[PDB]
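> Quick one: structure below, then a few questions.
There are 2 protein chains.
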Amino acid sequence: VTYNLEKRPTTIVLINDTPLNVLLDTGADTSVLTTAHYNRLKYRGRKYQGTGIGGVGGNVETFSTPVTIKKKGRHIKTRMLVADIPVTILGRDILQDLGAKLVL
Amino acid sequence: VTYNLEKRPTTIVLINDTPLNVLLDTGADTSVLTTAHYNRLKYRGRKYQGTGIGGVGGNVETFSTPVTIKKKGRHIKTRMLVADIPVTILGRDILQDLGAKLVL
Ligand SMILES: CC(C)[C@H](NC(=O)[C@H](Cc1cccc2ccccc12)CS(=O)(=O)C(C)(C)C)C(=O)N[C@H](CO)Cc1ccccc1
Ligand SMILES: CC(C)[C@H](NC(=O)[C@H](Cc1cccc2ccccc12)CS(=O)(=O)C(C)(C)C)C(=O)N[C@H](CO)Cc1ccccc1
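Protein chains in written order, with the deposited numbering: chain A, 1 to 104; chain A', 1 to 104. A prime marks a further copy of an entry chain.
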């Protein structure tokens, strides 16, 4: 499917068997689950201390956690960062895995 | 052209006749010029007080300014926000104007 960017490009993905609405973000080097979403996952793996992410207003602490993502019939097993941010973001690391491309 | 997201999707655009490297960001609702870039423009219009942007670590103050963007043979006349952020971002408002699309 094609997102023409009239609205934020969001989609539903299953993370650790839990349907979540996520933002598809080409400006994020890496993917981040909000802490509220991490707390709602049906299953959670361990939490590994991380060394934060930087954005508009500064740096925010993160922890990483193992996840299984299912979408487009793919099964991706990877680590996602967890942080108190307003929305869960699939950045370039997972977008590349899913085959997403930006066309200009 | 197609960006496969192995690297951040950057491109050179002319803003007020000045070539600048910009990030193409589907997770940004609006476009923002860094203050360092605003200070380097060959021409600048007035500065209109704004009511900030929110991102990862909080809210940051902004001002808006009129700009002419030239790329892909298009001539876009619009307003861009200005803020002390690390990189200049073309968000969805300008990406839509340029015809950019994200394919998943
Ligand atoms: C949501 C998070 C993941 C995302 N950040 C990034 O991807 C950082 C980009 C990043 C951070 C700092 C300086 C940079 C200089 C040039 C290019 C990228 C840069 C990289 S990361 O720190 O998570 C890390 C730890 C992966 C290096 C973000 O908010 N992204 C927003 C929307 O796209 C843009 C933004 C970035 C930095 C400062 C203000 C705005
Ligand atoms: C670079 C700026 C422009 C960009 N922000 C946004 O686009 C905000 C998204 C925005 C802000 C706050 C809550 C939101 C809730 C749901 C969806 C969007 C939301 C909207 S804006 O405030 O500039 C405004 C004033 C246009 C409403 C950003 O940093 N984007 C990064 C990388 O994509 C993501 C991010 C957003 C908020 C908090 C943490 C991370």
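Note that beta-carbon positions come from the ideal geometry of N, C-alpha and C, so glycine has one too.
1) Tell me whether the beta-carbon of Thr26(A) lies closer than 8 Å to the beta-carbon of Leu102(A').
2) Please go through the same chain and pick out, in chain order, the residues whose beta-carbon is closer than 6 Å to the beta-carbon of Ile15(A), but skip the five residues on each side of it.
3) I'd like to check one pair, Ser31(A') with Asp84(A'): are the Cβ atoms closer than 8 Å?
4) To the nearest angstrom, report how far apart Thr88(A') and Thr51(A) are at their CA atoms.
5) Give every residue of the same chain whose Cβ lies closer than 6 Å to the Cβ of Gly91(A'), excluding the five residues on either side of it in the sequence, and list them in chain order.
6) At the level of alpha carbons, what is the spacing between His37(A') and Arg40(A)?
7) Just verifying my parser: in three-state terms, what is the DSSP assignment at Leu24(A')?
8) Do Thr65(A') and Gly45(A') come within 8 Å of each other at the CB atom, strictly closer than that value?
9) Kindly provide the chain-ordered list of residues whose Cβ lies closer than 7 Å to any non-hydrogen atom of ligand 2.
10) Measure the beta-carbon distance from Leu98(A') to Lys71(A') and round it to whole angstroms, keeping in mind my assumption that it falls under 8 Å.
11) Which class does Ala36(A') belong to by DSSP, given the choice of helix, strand or coil?
12) Would you report the Cα separation of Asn4(A) and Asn59(A), rounded to the nearest angstrom?
13) Find out if the Cβ-Cβ distance for the pair residue 105(A'), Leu20(A') is shorter than 8 Å.
14) Taking the alpha-carbon of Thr62(A) as reference, which of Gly73(A), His75(A), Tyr43(A), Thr35(A) has the nearest alpha-carbon?
15) Tell me, to the nearest whole angstrom, how far the beta carbon of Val82(A') is from that of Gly55(A); I am working on the premise that it is less than 8 Å.
16) Would you kindly report the start and end of the unbroken beta strand (DSSP E) that includes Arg79(A')?
17) Please report whether the beta-carbon of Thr34(A) lies at a distance below 8 Å from any beta-carbon of chain A'.
18) Got a sec? Which residues, its chain only, sit under 7 Å from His75(A') by beta carbon, not counting five neighbours each side?
19) With respect to 7 Å, is the separation between the Cβ of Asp25(A') and the closest non-hydrogen atom of ligand 4 below this value?
20) If we cut at 8 Å on Cβ distances, does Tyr3(A) have a partner in chain A'?
21) Using only CA atoms, which one of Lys7(A), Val1(A), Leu33(A), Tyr43(A) lies nearest to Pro86(A)?
Well, looking at it:
1) Taking the first residue of the first sequence as position 1, residue 26(A) is located at position 26. Taking the first residue of the second sequence as position 1, residue 102(A') is located at position 102. In this structure, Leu102(A') lies closer than 8 Å to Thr26(A) by Cβ.
2) Working through the first sequence from its first residue, we reach residue 15(A) at position 15. Excluding sequence neighbours, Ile15(A) sits near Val67, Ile69.
3) In the second sequence, the residue the question calls residue 84(A') occupies position 84. In the second sequence, the residue the question calls residue 31(A') occupies position 31. Contact: no.
4) Residue mapping note: residue 88(A') aligns to position 88 of the second sequence, counting from 1. Residue mapping note: residue 51(A) aligns to position 51 of the first sequence, counting from 1. Roughly 24 Å separates the two Cα atoms.
5) By one-based count along the second sequence, residue 91(A') stands at place 91. Within the same chain, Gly91(A') has close Cβ partners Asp25, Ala28, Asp29, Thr30, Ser31.
6) Taking the first residue of the second sequence as position 1, residue 37(A') is located at position 37. Taking the first residue of the first sequence as position 1, residue 40(A) is located at position 40. Near 42 Å, if we compare the C-alpha coordinates of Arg40(A) and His37(A').
7) Along the second sequence, one-based indexing puts residue 24(A') at 24. Residue state, collapsed to three classes: strand.
8) Counting from 1 along the second sequence, the entry for residue 45(A') is found at position 45. Counting from 1 along the second sequence, the entry for residue 65(A') is found at position 65. Closer than 8 Å, so yes.
9) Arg8(A), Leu23(A), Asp25(A), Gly27(A), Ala28(A), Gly55(A), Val56(A), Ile85(A), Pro86(A), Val87(A), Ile89(A), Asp25(A'), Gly27(A'), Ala28(A'), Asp29(A'), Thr30(A'), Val32(A'), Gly52(A'), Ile53(A'), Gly54(A'), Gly55(A'), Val56(A'), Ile85(A'), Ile89(A'), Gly91(A')
10) Taking the first residue of the second sequence as 1, we reach residue 98(A') at position 98. Taking the first residue of the second sequence as 1, we reach residue 71(A') at position 71. That belief holds up - the Cβ atoms of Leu98(A') and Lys71(A') are roughly 6 Å apart, short of 8 Å.
11) Here residue 36(A') refers to the residue found at position 36 of the second sequence. Residue state, collapsed to three classes: helix.
12) By one-based count along the first sequence, residue 4(A) stands at place 4. By one-based count along the first sequence, residue 59(A) stands at place 59. Their backbone Cα atoms lie some 30 Å apart in a straight line.
13) Lying before the first or after the last residue shown, residue 105(A') is absent from chain A', which here runs from 1 to 104.
14) Within the first sequence, the letter at position 62 stands for residue 62(A). The shortest Cα separation from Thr62(A) among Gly73(A), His75(A), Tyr43(A), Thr35(A) belongs to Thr35(A).
15) For the purposes of this step, residue 82(A') is taken as residue 82 along the second sequence, with counting starting at 1. For the purposes of this step, residue 55(A) is taken as residue 55 along the first sequence, with counting starting at 1. A Cβ-Cβ separation of about 17 Å leaves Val82(A') out of contact with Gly55(A) under the 8 Å criterion.
16) For the purposes of this step, residue 79(A') is identified with residue 79 of the second sequence, where counting begins at 1. Here the beta strand (DSSP E) through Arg79(A') covers 74–83.
17) Within the first sequence, the letter at position 34 stands for residue 34(A). Not one chain A' Cβ lies under 8 Å of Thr34(A).
18) What you label residue 75(A') is simply residue 75 of the second sequence in a count that begins at 1. Correct list, in chain order: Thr68.
19) This structure lacks ligand 4; its bound ligands are ligand 1 and ligand 2.
20) Counted from its first residue, the first sequence places residue 3(A) at position 3. It does; some Cβ of chain A' falls within 8 Å.
21) Within the first sequence, numbered from 1, the residue matching residue 86(A) stands at position 86. It is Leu33(A) whose Cα lies nearest to the Cα of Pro86(A).
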